[PDB]
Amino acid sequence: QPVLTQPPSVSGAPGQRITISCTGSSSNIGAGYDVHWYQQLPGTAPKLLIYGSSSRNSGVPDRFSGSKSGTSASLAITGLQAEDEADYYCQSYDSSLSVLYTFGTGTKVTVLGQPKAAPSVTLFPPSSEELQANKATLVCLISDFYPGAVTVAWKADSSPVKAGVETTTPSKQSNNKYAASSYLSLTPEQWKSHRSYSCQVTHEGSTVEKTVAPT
């Protein structure tokens, strides 16, 4: 199945113009078919942004424009804003009944300029009902940090813990910051036998840690 190739990601400051290319072949774009551009916000369904290779869908600002020539097409954004961070896909049509709708690779658009933010960390000890169920889980929630790159460590009293740690990759927040979480699974015996448990998050060479106790 043929596709349309796009740059994997394009970045820019929130005052400049950026362009996303969409390369097709003689069978889809050079065959006389137009190109549609779809914008997908994180966690949401794709939305129609551009149709007809130049026309703007209803509710789309004039900062977005589209063009096509030869076997290629381009989407131009003038005056980048923080709300533009999303996935952008181009799409065209093939006359062959085996291909028809041909989709683009997809491009991640990101804006640069937001200041580095220390992560907000919340630590939660096992819930009484969980111990009543003979299970124990420590929850560490990290929110509102930039860049989306943190390292999570778990301390039992003052010694590192490596077993039972499940950590999620950082993900984009609607406010353009990042969030993540970590879970430490253990039996109530280990939870009670130790005085305290610490969750430590390293971010740009600065560590923020929280501690909980079975008391």
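Note that residue numbering follows the sequence shown and begins at 1.
**Q** Once you work out the mean C-alpha B-factor for both 201-209 and 13-21 from the entry, which is higher?
**A** Comparing 13-21 with 201-209, the higher average CA B-factor belongs to 201-209.
**Q** Got a sec? Mean C-alpha B-factor, which is higher, 47-55 or 172-180?
**A** Mean CA B-factor is higher for 172-180.
**Q** From 187, 39, 27, 65, can you pick the one with the highest C-alpha B factor in the entry?
**A** 187 has the highest C-alpha B-factor of those listed.
**Q** Using only the C-alpha B-factors in the record, can you name which of 73, 76, 97, 118 has the highest?
**A** Answer for 73, 76, 97, 118: 118, with the highest C-alpha B-factor.
**Q** Which third, lowest, middle or highest, does the CA B-factor of residue 157 fall in along this chain?
**A** Tercile = highest for this residue's CA B-factor.
**Q** Residue 8's Cα B-factor: lowest, middle or highest third of the chain?
**A** Lowest third - that is where residue 8 ends up once the chain's C-alpha B-factors are sorted.
**Q** Place residue 128 in the lowest, middle or highest third of its chain's C-alpha B-factors, as listed in the PDB entry.
**A** Top third by C-alpha B-factor.
**Q** Quick one: classify residue 81 as lowest, middle or highest third of the chain based on its Cα B-factor.
**A** For residue 81, the deposited C-alpha B-factor lands in the middle third.
**Q** Check where residue 139 lands among this chain's C-alpha B-factors and tell me if it's the lowest, middle or highest third.
**A** Middle third by C-alpha B-factor.
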